[PDB]
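As structure tokens, the structure follows; a few thoughts come after it.
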Amino acid sequence: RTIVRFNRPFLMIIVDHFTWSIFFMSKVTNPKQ
Amino acid sequence: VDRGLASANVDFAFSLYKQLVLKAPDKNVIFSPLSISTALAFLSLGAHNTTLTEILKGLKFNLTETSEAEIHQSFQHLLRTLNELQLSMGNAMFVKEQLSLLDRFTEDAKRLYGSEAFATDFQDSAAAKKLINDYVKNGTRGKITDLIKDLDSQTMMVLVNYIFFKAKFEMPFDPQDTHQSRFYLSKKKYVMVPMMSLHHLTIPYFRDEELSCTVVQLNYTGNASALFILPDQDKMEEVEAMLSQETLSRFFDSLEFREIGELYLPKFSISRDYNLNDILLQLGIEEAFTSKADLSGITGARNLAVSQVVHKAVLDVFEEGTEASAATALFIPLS
Ligand SMILES: C[C@H]1c2cccc(O)c2C(=O)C2=C(O)[C@]3(O)C(=O)C(C(N)=O)=C(O)[C@@H](N(C)C)[C@@H]3[C@@H](O)[C@@H]21
């Protein structure tokens, strides 16, 4: 029943569980670059 | 897992993030904190005295709990663990052919950071630039090809780190379900973008009512995942105000599997290019940039200083998965 809609600025964090490392951190304020 | 290293790198990631947003608070941000941490840790291998303690404290280590040796050992162990999905990190030094380096430094650089030493004719400026960019293109599979733009002829060494990442979603989007939809740049400005969608999905999920944000995790086939944080409309500044290692940990700890009616995620590709000098100075790394720099662990002399630190990163998100790449370069002329 829940809807998740990434239609506004969001953050994305790419992580590795084995080392607990953040590989990349990102804020997307405009996906049209 | 060396918890000390893991903690320092996450703290440093969020300090860097805040400084990057401070430059231009409404623009896209993409960087690899791991690439920058590793490049600076590599630099500190050749540093002594205040230059050294400033770098290590800037990277958020507690020199009271850990020694310089244990830090380098932790990064060695990390690099070996990282290198299903595609993942690689590399370190290199490009050195003026005639420049005298201590055997202990090139041996330690190879053993701890996996770094070779490339003889480079920096006075042939354009050919040196091509050798370095070629190294980065190779390491990033063509994703980053112009990390080096200008390159002074009197450079003595350039230290480089790259990271390359390419992974498949374990629950991939079906491109048949990708449709143009609104993206609200603000409440009152919106554009149409390619919006991927997934139907009836069970993924780790957490609604943080106090912080007005929704958190979901999309796993990749490997041991890696993407944590997405979606602030409510006009709550991005509020959510950024809470970002920290403690808050991120609370996010992960609060995730529970939940069936989602539908998930909408834009398909997108972003790229950013940064000069990190101002930010590194703000984080307390100062002597490395001045005539008082002590990089004598490299050469046996206090004859080197940092002039420029640059970072480039790209992020591509699509139905099948995600591709991301970054590189960091440190330009070091004579002191
Ligand atoms: C990958 C971890 C991570 C990476 C980078 C920065 C971080 O702050 C983290 C975490 O905090 C993690 C946890 O707290 C776990 O909640 C966490 O603590 C945990 C554990 N086993 O101790 C888990 O495995 C995870 N989840 C609750 C089942 C989760 C971790 O996935 C992440």
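Chain letters run A, B, ... following the sequence lines, proteins first, then strands; residues in each count from 1.
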Fill in: Test applied, side chain to side chain contact (heavy atoms under 4.5 Å, CB included); reference residue, B:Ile270; option that passes from B:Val317, B:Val314, B:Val29, B:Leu315
B:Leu315
Worksheet entry | Residue from B:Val309, B:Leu40, B:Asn277 passing side chain to side chain contact (heavy atoms under 4.5 Å, CB included) with B:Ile285 |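 That would be B:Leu40; it is the only one of B:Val309, B:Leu40, B:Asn277 passing the side chain to side chain contact (heavy atoms under 4.5 Å, CB included) with B:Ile285.
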Fill in: Aromatic contact, B:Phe61 with B:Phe12 (centres under 6.0 Å)
no
Worksheet item: So, for B:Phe173 and B:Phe318, is the gap between ring centers shorter than 6.0 Å?
Response: no
Worksheet item: Would you call the rings of B:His311 and B:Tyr274 parallel, tilted or perpendicular, where under 30° means parallel and over 60° means perpendicular?
Response: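 Judged by the thresholds at 30° and 60°, the geometry between B:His311 and B:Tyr274 is parallel.
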Item to complete: Please state whether the rings of B:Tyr220 and B:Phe165 are parallel, tilted or perpendicular, taking 30° and 60° as the class boundaries.
Response: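 Perpendicular, since the angle between the ring planes exceeds 60°.
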Worksheet item: Going by distance alone, is a donor N or O of one side chain under 3.5 Å from an acceptor N or O of the other, for B:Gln245 and B:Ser7?
Response: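 A pair is found: one side chain offers a donor N or O, the other an acceptor, under 3.5 Å apart.
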Item to complete: Tell me whether B:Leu101 is reachable from B:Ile132 by hopping between hydrophobic residues (I, L, V, M, F, W, Y) whose side-chain heavy atoms are closer than 4.5 Å.
Response: no
Item to complete: Quick one: pull up CD in B:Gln19 and CG in B:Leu281 and give me the separation to the nearest 0.5 Å.
Response: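 Output value for this atom pair is 10.0 Å.
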Worksheet item: Looking at NZ of B:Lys130 and OG of B:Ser125, how far apart are the two atoms once the value is rounded to the nearest 0.5 Å?
Response: 14.5 Å
Worksheet item: For the ring-ring contact (aromatic ring centres under 6.0 Å, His included) test, which of B:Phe183, B:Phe228, B:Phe268, B:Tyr184 pairs with A:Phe6?
Response: B:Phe228
Discussion item. Run the side chain to side chain contact (heavy atoms under 4.5 Å, CB included) test against B:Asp294 and tell me which residues pass, sequence neighbours left out.
Written reply: B:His48, B:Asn49, B:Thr51, B:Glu287, B:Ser296, B:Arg302
